[PDB]
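Here is the structure we will look at.
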Amino acid sequence: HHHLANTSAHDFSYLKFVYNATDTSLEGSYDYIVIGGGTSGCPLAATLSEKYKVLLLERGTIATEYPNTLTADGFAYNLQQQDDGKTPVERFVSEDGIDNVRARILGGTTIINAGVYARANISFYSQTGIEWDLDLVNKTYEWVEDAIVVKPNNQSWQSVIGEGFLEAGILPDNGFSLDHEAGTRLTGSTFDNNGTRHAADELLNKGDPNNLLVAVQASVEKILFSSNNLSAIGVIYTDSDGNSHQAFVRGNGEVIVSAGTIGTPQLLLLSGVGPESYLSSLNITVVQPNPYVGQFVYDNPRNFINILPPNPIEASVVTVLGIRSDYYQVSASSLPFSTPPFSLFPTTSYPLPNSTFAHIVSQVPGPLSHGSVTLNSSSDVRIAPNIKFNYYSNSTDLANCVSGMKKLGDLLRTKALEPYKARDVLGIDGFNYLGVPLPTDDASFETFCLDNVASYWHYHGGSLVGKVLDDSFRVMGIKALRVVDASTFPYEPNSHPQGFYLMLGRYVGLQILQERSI
Ligand SMILES: Cc1cc2nc3c(=O)[nH]c(=O)nc-3n(C[C@H](O)[C@H](O)[C@H](O)COP(=O)(O)OP(=O)(O)OC[C@H]3O[C@@H](n4cnc5c(N)ncnc54)[C@H](O)[C@@H]3O)c2cc1C
Ligand SMILES: *[C@@H]1O[C@H](CO)[C@@H](O[C@@H]2O[C@H](CO)[C@@H](O)[C@H](O)[C@H]2NC(C)=O)[C@H](O)[C@H]1NC(C)=O
Ligand SMILES: *[C@@H]1O[C@H](CO)[C@@H](O)[C@H](O)[C@H]1NC(C)=O
Ligand SMILES: *[C@@H]1O[C@H](CO)[C@@H](O)[C@H](O)[C@H]1NC(C)=O
Ligand SMILES: *[C@@H]1O[C@H](CO)[C@@H](O)[C@H](O)[C@H]1NC(C)=O
Ligand SMILES: *[C@@H]1O[C@H](CO)[C@@H](O)[C@H](O)[C@H]1NC(C)=O
Ligand SMILES: *[C@@H]1O[C@H](CO)[C@@H](O)[C@H](O)[C@H]1NC(C)=O
Ligand SMILES: *[C@@H]1O[C@H](CO)[C@@H](O)[C@H](O)[C@H]1NC(C)=O
Ligand SMILES: *[C@@H]1O[C@H](CO)[C@@H](O)[C@H](O)[C@H]1NC(C)=O
Ligand SMILES: CC1(C)OCc2cc(C=O)ccc2O1
């Protein structure tokens with residue numbers, strides 16, 4: 001593991017080429033425009049800037065404006081904070097009724113997330129059928145890991161949960177490993193051992209400062225196309241005062257959408273790329289009919305129990321993973337709170353913890369259930385789109401939640417967890433629970449799964465490879481337009497996908513530079 005980061009301050013050196021979108025001198029022609037300074041978009045823009053003039057457009061501001069985004073201790077704060085339209089956490093509620101959040105900040109969701117770092121399941125590449133350069137994938141993981149990933153230090157709760165997973169039969173013991181494999185392991189973290197958050201914005205430090213420009217509070221409202229050989233030629237973006245701006249690509253350059261599972265389909269639909277009948281019904285002029293834009297949108301379920309130990313436990317960031325094919329498990333330990341972190345629990349109606357608690361969680365893989373992103377406003381990109389995930393519409397997802405919940409049952413029965421019981425009785429009713437405890441034939445587990453579901457926050461889809469994009473991430477039917485972010489794949493690459501999407505930004509950047517090379 002030569003290729004890991006050190007403890008270090010968050011590196012804001014890149015702010016020397018970050019400008020307010022109010023600056024009209026950013027307007028003009030570039031080789032590349034990247035829309036969304038997020039998980040994929042930052043390493044993509046940094047990579048393209050090695051050879052070419054790049055403009056990165058981000059709707060949010062810089063992370064220095066919200067200091068609680070820069071520490072492990074700050075994780076809860078950013079979710080607890082009210083969404084005033086400027087904050088790094090944007091709140092939404094799916095049409096299923098499940099509270100959720102997305103990032104609105106330079107560095108994207110890597111600035112607000114739970115820090116867990118893993119490489120994709122090595123079977124994922126062949127499952128996609130894309131002709132990946134697998135050696136280049138691994139070099140690109142090392143380039144990310146060298147910059148922002150550490151081997152975490154021991155945390156007492158994470159060690160308890162790892163011992164519990166192993167005693168519950170989540171085998172083998174993989175020790176410390178970044179790989180998504182069956183068994184129990186310590187994985188990597190983008191929080192360093194001093195609790196400093198590292199993130200995708202720091203990969204902008206790898207860019208060429210003579211070639212890369214970043215516009216913040218740049219809300220990209222439309223992709224501009226050639227008038228006739230249909231090509232993307234540029235974007236309209238507005239600034240924080242509401243004034244409009246244009247930027248263009250030139251020659252053999254390209255526009256890449258990296259606006260996330262929610263923002264990419266939304267901007268494609270606003271730009272007339274999407275289902276012909278849907279867009280016609282909104283009187284949006286169709287530039288490229290595609291029945292799949294904003295279709296196949298997925299949210300992996302989170303199901304959980306909360307235990308209240310009779311003695312305090314130390315708060316922790318998640319580093320210890322229990323992985324099976326059919327469920328991915330972790331646990332966080334938290335301080336109590338009287339303001340809830342929005343979307344931790346699926347509604348605002350959830351009881352508040354009075355003392356320290358362990359949130360013990362299982363994630364459904366895939367998932368197979370899907371829904372869609374549709375426009376709320378046919379013109380205004382600042383109005384969030386409608387999103388529906390149809391949680392547990394697919395019975396296989398429900399079957400996998402039942403298996404995961406039975407395994408959390410096994411975990412609550414381990415010697416590892418016994419000291420955290422309020423009563424030394426034989427049964428798991430010896431724990432004190434915040435909210436609904438586990439119910440042991442299948443009907444009661446099914447009800448528990450359905451009624452107590454939350455977002456894992458690892459939503460993906462809406463612009464899938466094989467539906468909207470080709471195997472090179474190009475929008476089918478349009479020259480000079482790509483999509484690179486979590487909108488691109490219908491199944492998770494692993495339990496914790498930020499690692500894959502950080503890698504993907506640079507990887508596709510290297511594919512574009514190779515395609516263009518002589
Ligand atoms: C609370 C939370 C915790 C998570 N924890 C983890 C975890 O610990 N580990 C893990 O592996 N994964 C985790 N995830 C998931 C993972 O972080 C995300 O799936 C991944 O970061 C998504 O990357 P992306 O590039 O698709 O989107 P983002 O990183 O969200 O990037 C999209 C960017 O585009 C910008 N944007 C959107 N629309 C526009 C527009 N029109 N114009 C301009 N800019 C625009 C956004 O502001 C944003 O910065 C978590 C997610 C959340 C929400
Ligand atoms: C890693 O990804 C693979 C491929 O998607 C997962 O799928 C397994 O592989 C076989 C064929 O490759 C399939 O029949 C099953 O869906 C999976 N196998 C089993 C035994 O269930 C695999 O499960 C993923 N691994 C983990 C640990 O998540
Ligand atoms: C250790 O973390 C502290 C917490 O704020 C911070 O002051 C410092 O940057 C870290 N140490 C370093 C960078 O060596
Ligand atoms: C951009 O400029 C405006 C003033 O025109 C200001 O209100 C806003 O905060 C600035 N944004 C950033 C990110 O500096
Ligand atoms: C890439 O790295 C993984 C571990 O993450 C290893 O299993 C795999 O063999 C590597 N593949 C190649 C092509 O080197
Ligand atoms: C526009 O479309 C025509 C098809 O009539 C195509 O041949 C041409 O390459 C395009 N030209 C420009 C300037 O966009
Ligand atoms: C679309 O425009 C036509 C006028 O051409 C109008 O009849 C129809 O109601 C419009 N629909 C919407 C949804 O704006
Ligand atoms: C927009 O969202 C609101 C409130 O979030 C929703 O209830 C309304 O029906 C939506 N409108 C459209 C046209 O989708
Ligand atoms: C669940 O998902 C699969 C797609 O993998 C589909 O074939 C299957 O028919 C779906 N089942 C239900 C109950 O819809
Ligand atoms: C596994 C998961 C979702 O990770 C993050 C997390 C954070 C808190 C902080 O209050 C609490 C619980 C929690 O659980």
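Chains: A, B, ... in order of the structure tokens. Residues: from 1 per chain. Ligands: from 1, in order shown.
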
Could the residues that lie within 9 Å of ligand 3, counting only C-alpha atoms and all ligand atoms, be listed as a VMD selection string?
-> chain A and resid 6 to 10 71 192 to 196

At most 8 Å from ligand 2 (only C-alpha atoms and all ligand atoms): residue list as a ChimeraX atom specification | /A:121-124,127,180-183,323-328,365,493-495

Contact residues around range 53-70 of chain A with only C-alpha atoms at 9 Å, ignoring same-chain residues under 6 positions, as a PDB file with N, CA and C atoms, in the first residue's frame:
```pdb
ATOM      1  N   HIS A  10      -6.314  20.181   4.221  1.00  0.00           N
ATOM      2  CA  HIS A  10      -7.045  20.234   2.935  1.00  0.00           C
ATOM      3  C   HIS A  10      -6.324  21.247   2.045  1.00  0.00           C
ATOM      4  N   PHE A  12      -6.196  23.752  -0.587  1.00  0.00           N
ATOM      5  CA  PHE A  12      -6.953  24.742  -1.403  1.00  0.00           C
ATOM      6  C   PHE A  12      -6.061  25.540  -2.379  1.00  0.00           C
ATOM      7  N   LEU A  15      -7.509  27.286  -5.600  1.00  0.00           N
ATOM      8  CA  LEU A  15      -8.343  28.523  -5.541  1.00  0.00           C
ATOM      9  C   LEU A  15      -7.680  29.635  -6.368  1.00  0.00           C
ATOM     10  N   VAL A  18      -9.809  29.609  -9.428  1.00  0.00           N
ATOM     11  CA  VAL A  18     -11.276  29.577  -9.177  1.00  0.00           C
ATOM     12  C   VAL A  18     -11.784  31.018  -9.182  1.00  0.00           C
ATOM     13  N   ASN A  20     -15.488  33.623  -9.565  1.00  0.00           N
ATOM     14  CA  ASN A  20     -16.958  33.863  -9.542  1.00  0.00           C
ATOM     15  C   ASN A  20     -17.486  33.869 -10.984  1.00  0.00           C
ATOM     16  N   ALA A  21     -18.590  33.163 -11.243  1.00  0.00           N
ATOM     17  CA  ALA A  21     -19.222  33.114 -12.577  1.00  0.00           C
ATOM     18  C   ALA A  21     -19.715  34.523 -13.016  1.00  0.00           C
ATOM     19  N   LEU A  26     -14.537  34.999 -18.243  1.00  0.00           N
ATOM     20  CA  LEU A  26     -14.556  33.509 -18.345  1.00  0.00           C
ATOM     21  C   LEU A  26     -15.290  33.108 -19.625  1.00  0.00           C
ATOM     22  N   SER A  29     -14.222  30.706 -25.842  1.00  0.00           N
ATOM     23  CA  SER A  29     -13.983  29.324 -26.344  1.00  0.00           C
ATOM     24  C   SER A  29     -12.917  28.553 -25.555  1.00  0.00           C
ATOM     25  N   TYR A  30     -13.212  27.297 -25.259  1.00  0.00           N
ATOM     26  CA  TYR A  30     -12.301  26.343 -24.596  1.00  0.00           C
ATOM     27  C   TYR A  30     -12.195  25.078 -25.457  1.00  0.00           C
ATOM     28  N   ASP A  31     -11.256  24.222 -25.084  1.00  0.00           N
ATOM     29  CA  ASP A  31     -11.147  22.871 -25.671  1.00  0.00           C
ATOM     30  C   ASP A  31     -12.206  21.989 -25.003  1.00  0.00           C
ATOM     31  N   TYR A  32     -12.365  22.133 -23.699  1.00  0.00           N
ATOM     32  CA  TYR A  32     -13.340  21.294 -22.949  1.00  0.00           C
ATOM     33  C   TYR A  32     -14.119  22.171 -21.967  1.00  0.00           C
ATOM     34  N   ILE A  33     -15.404  21.861 -21.843  1.00  0.00           N
ATOM     35  CA  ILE A  33     -16.271  22.385 -20.767  1.00  0.00           C
ATOM     36  C   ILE A  33     -16.763  21.182 -19.970  1.00  0.00           C
ATOM     37  N   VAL A  34     -16.511  21.183 -18.670  1.00  0.00           N
ATOM     38  CA  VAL A  34     -17.044  20.143 -17.750  1.00  0.00           C
ATOM     39  C   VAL A  34     -18.113  20.813 -16.870  1.00  0.00           C
ATOM     40  N   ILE A  35     -19.308  20.229 -16.867  1.00  0.00           N
ATOM     41  CA  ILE A  35     -20.484  20.763 -16.122  1.00  0.00           C
ATOM     42  C   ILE A  35     -20.607  19.949 -14.841  1.00  0.00           C
ATOM     43  N   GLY A  36     -20.272  20.554 -13.719  1.00  0.00           N
ATOM     44  CA  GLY A  36     -20.397  19.925 -12.399  1.00  0.00           C
ATOM     45  C   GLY A  36     -19.019  19.629 -11.855  1.00  0.00           C
ATOM     46  N   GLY A  37     -18.581  20.383 -10.851  1.00  0.00           N
ATOM     47  CA  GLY A  37     -17.250  20.204 -10.237  1.00  0.00           C
ATOM     48  C   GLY A  37     -17.335  19.201  -9.117  1.00  0.00           C
ATOM     49  N   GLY A  38     -17.786  17.990  -9.433  1.00  0.00           N
ATOM     50  CA  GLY A  38     -18.077  16.984  -8.415  1.00  0.00           C
ATOM     51  C   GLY A  38     -17.087  15.851  -8.439  1.00  0.00           C
ATOM     52  N   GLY A  41     -16.353  15.038 -12.013  1.00  0.00           N
ATOM     53  CA  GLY A  41     -16.025  16.220 -12.827  1.00  0.00           C
ATOM     54  C   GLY A  41     -14.681  16.840 -12.459  1.00  0.00           C
ATOM     55  N   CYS A  42     -14.311  16.885 -11.169  1.00  0.00           N
ATOM     56  CA  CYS A  42     -13.026  17.494 -10.769  1.00  0.00           C
ATOM     57  C   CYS A  42     -11.858  16.730 -11.407  1.00  0.00           C
ATOM     58  N   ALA A  45     -11.714  17.288 -15.280  1.00  0.00           N
ATOM     59  CA  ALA A  45     -11.257  18.618 -15.718  1.00  0.00           C
ATOM     60  C   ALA A  45      -9.739  18.735 -15.477  1.00  0.00           C
ATOM     61  N   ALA A  46      -9.266  18.238 -14.337  1.00  0.00           N
ATOM     62  CA  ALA A  46      -7.827  18.277 -13.993  1.00  0.00           C
ATOM     63  C   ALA A  46      -7.015  17.505 -15.042  1.00  0.00           C
ATOM     64  N   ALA A  76     -22.308  15.503  10.474  1.00  0.00           N
ATOM     65  CA  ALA A  76     -23.707  15.678  10.928  1.00  0.00           C
ATOM     66  C   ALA A  76     -24.145  17.124  10.707  1.00  0.00           C
ATOM     67  N   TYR A  77     -23.276  18.081  11.010  1.00  0.00           N
ATOM     68  CA  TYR A  77     -23.585  19.531  10.923  1.00  0.00           C
ATOM     69  C   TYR A  77     -24.182  19.869   9.552  1.00  0.00           C
ATOM     70  N   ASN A  78     -23.567  19.377   8.478  1.00  0.00           N
ATOM     71  CA  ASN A  78     -23.957  19.822   7.117  1.00  0.00           C
ATOM     72  C   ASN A  78     -25.340  19.298   6.791  1.00  0.00           C
ATOM     73  N   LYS A  86     -27.996  27.948  -0.885  1.00  0.00           N
ATOM     74  CA  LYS A  86     -26.545  28.262  -1.029  1.00  0.00           C
ATOM     75  C   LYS A  86     -25.699  27.208  -0.317  1.00  0.00           C
ATOM     76  N   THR A  87     -26.302  26.488   0.613  1.00  0.00           N
ATOM     77  CA  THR A  87     -25.597  25.506   1.462  1.00  0.00           C
ATOM     78  C   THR A  87     -25.027  24.361   0.626  1.00  0.00           C
ATOM     79  N   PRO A  88     -23.982  23.681   1.148  1.00  0.00           N
ATOM     80  CA  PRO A  88     -23.382  22.555   0.421  1.00  0.00           C
ATOM     81  C   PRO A  88     -24.254  21.296   0.351  1.00  0.00           C
ATOM     82  N   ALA A 103     -25.159  17.129  -3.113  1.00  0.00           N
ATOM     83  CA  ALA A 103     -24.124  18.145  -2.874  1.00  0.00           C
ATOM     84  C   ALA A 103     -24.383  19.346  -3.788  1.00  0.00           C
ATOM     85  N   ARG A 104     -24.009  20.512  -3.304  1.00  0.00           N
ATOM     86  CA  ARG A 104     -24.084  21.778  -4.063  1.00  0.00           C
ATOM     87  C   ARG A 104     -22.831  22.560  -3.677  1.00  0.00           C
ATOM     88  N   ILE A 105     -21.669  22.152  -4.194  1.00  0.00           N
ATOM     89  CA  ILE A 105     -20.370  22.689  -3.687  1.00  0.00           C
ATOM     90  C   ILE A 105     -19.264  22.187  -4.595  1.00  0.00           C
ATOM     91  N   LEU A 106     -18.149  22.933  -4.683  1.00  0.00           N
ATOM     92  CA  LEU A 106     -17.003  22.530  -5.528  1.00  0.00           C
ATOM     93  C   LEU A 106     -16.300  21.376  -4.801  1.00  0.00           C
ATOM     94  N   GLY A 107     -16.273  20.221  -5.465  1.00  0.00           N
ATOM     95  CA  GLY A 107     -15.860  18.916  -4.907  1.00  0.00           C
ATOM     96  C   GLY A 107     -17.050  17.966  -4.833  1.00  0.00           C
ATOM     97  N   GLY A 108     -18.241  18.498  -5.000  1.00  0.00           N
ATOM     98  CA  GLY A 108     -19.465  17.678  -5.089  1.00  0.00           C
ATOM     99  C   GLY A 108     -19.698  16.852  -3.857  1.00  0.00           C
ATOM    100  N   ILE A 111     -17.424  16.248  -0.704  1.00  0.00           N
ATOM    101  CA  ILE A 111     -17.273  17.301   0.334  1.00  0.00           C
ATOM    102  C   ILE A 111     -18.263  17.058   1.476  1.00  0.00           C
ATOM    103  N   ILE A 112     -19.316  16.251   1.295  1.00  0.00           N
ATOM    104  CA  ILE A 112     -20.389  16.112   2.328  1.00  0.00           C
ATOM    105  C   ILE A 112     -20.551  14.651   2.754  1.00  0.00           C
ATOM    106  N   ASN A 113     -19.778  13.711   2.198  1.00  0.00           N
ATOM    107  CA  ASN A 113     -20.142  12.286   2.318  1.00  0.00           C
ATOM    108  C   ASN A 113     -19.472  11.694   3.563  1.00  0.00           C
ATOM    109  N   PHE A 191     -11.282  10.720   4.923  1.00  0.00           N
ATOM    110  CA  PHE A 191     -10.929  11.486   6.139  1.00  0.00           C
ATOM    111  C   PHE A 191      -9.551  10.985   6.566  1.00  0.00           C
ATOM    112  N   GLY A 195      -8.653  13.549  11.203  1.00  0.00           N
ATOM    113  CA  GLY A 195     -10.060  13.900  10.906  1.00  0.00           C
ATOM    114  C   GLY A 195     -10.224  14.978   9.838  1.00  0.00           C
ATOM    115  N   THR A 196      -9.178  15.379   9.121  1.00  0.00           N
ATOM    116  CA  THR A 196      -9.314  16.367   8.010  1.00  0.00           C
ATOM    117  C   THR A 196      -9.954  15.691   6.792  1.00  0.00           C
ATOM    118  N   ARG A 197     -11.007  16.286   6.246  1.00  0.00           N
ATOM    119  CA  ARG A 197     -11.620  15.697   5.038  1.00  0.00           C
ATOM    120  C   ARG A 197     -10.727  16.018   3.828  1.00  0.00           C
ATOM    121  N   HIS A 198     -10.465  15.027   2.984  1.00  0.00           N
ATOM    122  CA  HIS A 198      -9.879  15.207   1.644  1.00  0.00           C
ATOM    123  C   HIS A 198     -10.968  14.833   0.641  1.00  0.00           C
ATOM    124  N   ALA A 199     -10.887  15.414  -0.548  1.00  0.00           N
ATOM    125  CA  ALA A 199     -12.033  15.369  -1.475  1.00  0.00           C
ATOM    126  C   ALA A 199     -11.608  15.637  -2.910  1.00  0.00           C
ATOM    127  N   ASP A 201     -12.216  17.989  -4.924  1.00  0.00           N
ATOM    128  CA  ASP A 201     -11.721  19.353  -5.228  1.00  0.00           C
ATOM    129  C   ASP A 201     -10.182  19.375  -5.187  1.00  0.00           C
ATOM    130  N   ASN A 210      -2.191  26.827 -15.848  1.00  0.00           N
ATOM    131  CA  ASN A 210      -2.217  27.696 -17.050  1.00  0.00           C
ATOM    132  C   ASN A 210      -3.351  27.300 -17.996  1.00  0.00           C
ATOM    133  N   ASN A 211      -3.942  26.135 -17.788  1.00  0.00           N
ATOM    134  CA  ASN A 211      -4.962  25.600 -18.721  1.00  0.00           C
ATOM    135  C   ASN A 211      -6.317  25.406 -18.046  1.00  0.00           C
ATOM    136  N   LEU A 212      -6.371  25.363 -16.725  1.00  0.00           N
ATOM    137  CA  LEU A 212      -7.673  25.059 -16.057  1.00  0.00           C
ATOM    138  C   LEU A 212      -8.265  26.315 -15.426  1.00  0.00           C
ATOM    139  N   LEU A 213      -9.528  26.611 -15.729  1.00  0.00           N
ATOM    140  CA  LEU A 213     -10.313  27.657 -15.047  1.00  0.00           C
ATOM    141  C   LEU A 213     -11.560  27.015 -14.446  1.00  0.00           C
ATOM    142  N   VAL A 214     -11.913  27.456 -13.249  1.00  0.00           N
ATOM    143  CA  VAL A 214     -13.122  26.994 -12.518  1.00  0.00           C
ATOM    144  C   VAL A 214     -13.969  28.208 -12.222  1.00  0.00           C
ATOM    145  N   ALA A 215     -15.221  28.124 -12.631  1.00  0.00           N
ATOM    146  CA  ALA A 215     -16.265  29.112 -12.292  1.00  0.00           C
ATOM    147  C   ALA A 215     -17.204  28.497 -11.245  1.00  0.00           C
ATOM    148  N   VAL A 216     -17.318  29.169 -10.107  1.00  0.00           N
ATOM    149  CA  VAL A 216     -18.218  28.733  -9.009  1.00  0.00           C
ATOM    150  C   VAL A 216     -19.452  29.635  -8.999  1.00  0.00           C
ATOM    151  N   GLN A 217     -20.491  29.173  -8.336  1.00  0.00           N
ATOM    152  CA  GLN A 217     -21.874  29.728  -8.436  1.00  0.00           C
ATOM    153  C   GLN A 217     -22.217  29.959  -9.908  1.00  0.00           C
ATOM    154  N   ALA A 218     -21.846  28.977 -10.728  1.00  0.00           N
ATOM    155  CA  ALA A 218     -22.159  28.911 -12.176  1.00  0.00           C
ATOM    156  C   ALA A 218     -23.262  27.869 -12.368  1.00  0.00           C
ATOM    157  N   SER A 219     -24.502  28.301 -12.561  1.00  0.00           N
ATOM    158  CA  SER A 219     -25.652  27.379 -12.706  1.00  0.00           C
ATOM    159  C   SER A 219     -25.877  27.136 -14.205  1.00  0.00           C
ATOM    160  N   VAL A 220     -25.491  25.968 -14.714  1.00  0.00           N
ATOM    161  CA  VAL A 220     -25.555  25.663 -16.163  1.00  0.00           C
ATOM    162  C   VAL A 220     -27.009  25.302 -16.494  1.00  0.00           C
ATOM    163  N   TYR A 237     -24.847  29.561 -18.800  1.00  0.00           N
ATOM    164  CA  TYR A 237     -24.877  29.459 -17.326  1.00  0.00           C
ATOM    165  C   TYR A 237     -25.253  30.805 -16.757  1.00  0.00           C
ATOM    166  N   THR A 238     -25.888  30.804 -15.590  1.00  0.00           N
ATOM    167  CA  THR A 238     -26.169  32.064 -14.882  1.00  0.00           C
ATOM    168  C   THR A 238     -25.308  32.136 -13.635  1.00  0.00           C
ATOM    169  N   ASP A 239     -25.096  33.354 -13.164  1.00  0.00           N
ATOM    170  CA  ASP A 239     -24.274  33.683 -11.978  1.00  0.00           C
ATOM    171  C   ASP A 239     -25.194  33.931 -10.775  1.00  0.00           C
ATOM    172  N   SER A 240     -24.606  34.233  -9.618  1.00  0.00           N
ATOM    173  CA  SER A 240     -25.318  34.390  -8.323  1.00  0.00           C
ATOM    174  C   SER A 240     -26.189  35.639  -8.338  1.00  0.00           C
ATOM    175  N   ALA A 247     -20.345  29.989 -22.737  1.00  0.00           N
ATOM    176  CA  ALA A 247     -19.014  29.430 -23.088  1.00  0.00           C
ATOM    177  C   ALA A 247     -19.162  28.343 -24.147  1.00  0.00           C
ATOM    178  N   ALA A 259     -22.939  16.359 -13.788  1.00  0.00           N
ATOM    179  CA  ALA A 259     -23.846  17.072 -12.867  1.00  0.00           C
ATOM    180  C   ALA A 259     -24.567  16.083 -11.938  1.00  0.00           C
TER     181      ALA A 259
END
```

In range 26-244 of chain A, what's strand (DSSP E) per DSSP? Answer as a count of residues only?
-> 54

What lies within 6 Å of range 508-511 of chain A using only C-alpha atoms, ignoring chain neighbours under 6 positions off, as a list in words?
->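 Once the nearby chain positions are removed, what remains is residues 44, 47 and 48 of chain A.
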
Show me which residues line ligand 8, defined as having an atom within 8 Å of a ligand atom where only C-alpha atoms and all ligand atoms count, and present them as a CSV table (one decimal) with N, CA and C atoms, in the first residue's frame.
```csv
chain,number,residue,atom,x,y,z
A,93,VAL,N,-36.9,15.3,-1.3
A,93,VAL,CA,-37.7,14.1,-0.9
A,93,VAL,C,-38.1,13.4,-2.1
A,374,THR,N,-37.8,13.4,-13.7
A,374,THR,CA,-38.6,14.2,-14.6
A,374,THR,C,-38.4,15.6,-14.2
A,375,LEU,N,-38.7,16.6,-15.1
A,375,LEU,CA,-38.5,18.0,-14.8
A,375,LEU,C,-39.7,18.5,-14.0
A,376,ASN,N,-39.5,19.4,-13.1
A,376,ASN,CA,-40.5,20.1,-12.3
A,376,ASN,C,-40.8,21.4,-13.0
A,377,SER,N,-39.7,22.1,-13.3
A,377,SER,CA,-39.7,23.3,-14.2
A,377,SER,C,-39.2,22.9,-15.6
A,384,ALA,N,-35.4,21.9,-8.4
A,384,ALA,CA,-35.0,20.5,-8.4
A,384,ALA,C,-36.0,19.7,-9.2
A,385,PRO,N,-35.5,18.7,-10.0
A,385,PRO,CA,-36.4,17.8,-10.7
A,385,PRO,C,-37.2,16.9,-9.7
A,386,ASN,N,-38.2,16.2,-10.2
A,386,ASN,CA,-38.9,15.2,-9.4
A,386,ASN,C,-38.1,13.9,-9.6
```

Which of A:97, A:265, A:427, A:301 sits closest to residue 404 in chain A [using only C-alpha atoms] = A:301

Calculate how many Å separate CA of residue 115 in chain A from CA of residue 461 in chain A, rounding to one decimal.
->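 Atom-to-atom, CA of residue 115 in chain A to CA of residue 461 in chain A, that is 21.5 Å.
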
Using only C-alpha atoms, determine which residues lie at most 9 Å from residue 225 in chain A, disregarding the query and same-chain residues fewer than 3 positions distant; provide the list as a list in words.
-> residues 230, 231, 232, 233, 234, 235, 271, 287 and 478 of chain A

Dump as a compact mmCIF listing (two decimals), in the first residue's frame, selection limited to C-alpha atoms:
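Okay, this is what ended up in part_13.txt:
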```txt
# COMPACT_ATOMS: atom_id res chain seq x y z
CA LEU A 230 -25.57 17.51 -34.55
CA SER A 231 -22.83 18.67 -32.13
CA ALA A 232 -22.78 20.18 -28.65
CA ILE A 233 -21.02 23.59 -29.05
CA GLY A 234 -21.34 25.18 -25.57
CA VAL A 235 -23.47 26.13 -22.53
CA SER A 271 -31.60 21.00 -23.45
CA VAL A 287 -32.76 18.14 -30.30
CA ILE A 478 -24.56 13.85 -30.66
```

Sort by chain and increasing residue number a table of all residues of chain A within 8 Å of ligand 7, each with its closest pair of atoms and their distance in Å to one decimal, counting only C-alpha atoms and all ligand atoms, and write it as CSV.
```
residue,atom,partner,partner_atom_place_in_ligand_line,distance
A:280,CA,ligand 7,1 (C),7.8
A:281,CA,ligand 7,13 (C),5.5
A:282,CA,ligand 7,13 (C),4.4
A:283,CA,ligand 7,1 (C),4.9
```

Residues flagged helix (DSSP H, G or I) by DSSP in range 273-500 of chain A, as an MDAnalysis selection string | chainID A and resid 276:281 395:412 418:420 428:430 442:451 486:488 498:500

Residues at most 6 Å from ligand 5, using only C-alpha atoms and all ligand atoms? Could they come as a list in words?
-> residues 134, 135, 138 and 179 of chain A

Counting only C-alpha atoms and all ligand atoms, name the residues that have an atom within 6 Å of an atom of ligand 9; the answer should be given as number ranges by chain.
-> A: 368, 394-395

Could you please take those selected residues and save C-alpha atoms as a short mmCIF file (atom, residue, chain, number, x, y, z; two decimals), in the first residue's frame?
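Writing the result to result-v1.cif gives the following:
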```
data_model
loop_
_atom_site.label_atom_id
_atom_site.label_comp_id
_atom_site.auth_asym_id
_atom_site.auth_seq_id
_atom_site.Cartn_x
_atom_site.Cartn_y
_atom_site.Cartn_z
CA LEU A 368 -33.12 -4.02 -9.32
CA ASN A 394 -38.69 -5.62 -7.43
CA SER A 395 -39.26 -8.65 -5.09
#
```

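For the choices A:188, A:274, A:497, A:242, the atom-to-atom distance to ligand 4 is smallest for A:242 when using only C-alpha atoms and all ligand atoms.
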
All residues having an atom within 7 Å of ligand 10 (only C-alpha atoms and all ligand atoms) as a PyMOL selection string = chain A and resi 75-76+114+317-318+330-335+341+344+359-361

Near range 414-416 of chain A, counting only C-alpha atoms, which residues have an atom at most 7 Å away, once you skip same-chain residues fewer than 4 positions from it, shown as a ChimeraX atom specification?
-> /A:160,163-164,167-168,410

How would the residues just picked look written out with C-alpha atoms as an mmCIF file, in the first residue's frame?
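File written: part_2.cif
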```
data_model
loop_
_atom_site.group_PDB
_atom_site.id
_atom_site.type_symbol
_atom_site.label_atom_id
_atom_site.label_comp_id
_atom_site.auth_asym_id
_atom_site.auth_seq_id
_atom_site.Cartn_x
_atom_site.Cartn_y
_atom_site.Cartn_z
ATOM 1 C CA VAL A 160 -16.328 -4.011 17.832
ATOM 2 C CA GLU A 163 -15.302 -8.556 15.438
ATOM 3 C CA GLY A 164 -19.134 -8.886 15.359
ATOM 4 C CA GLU A 167 -18.443 -13.826 14.664
ATOM 5 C CA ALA A 168 -21.720 -13.561 12.662
ATOM 6 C CA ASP A 410 -26.939 -12.615 13.932
#
```
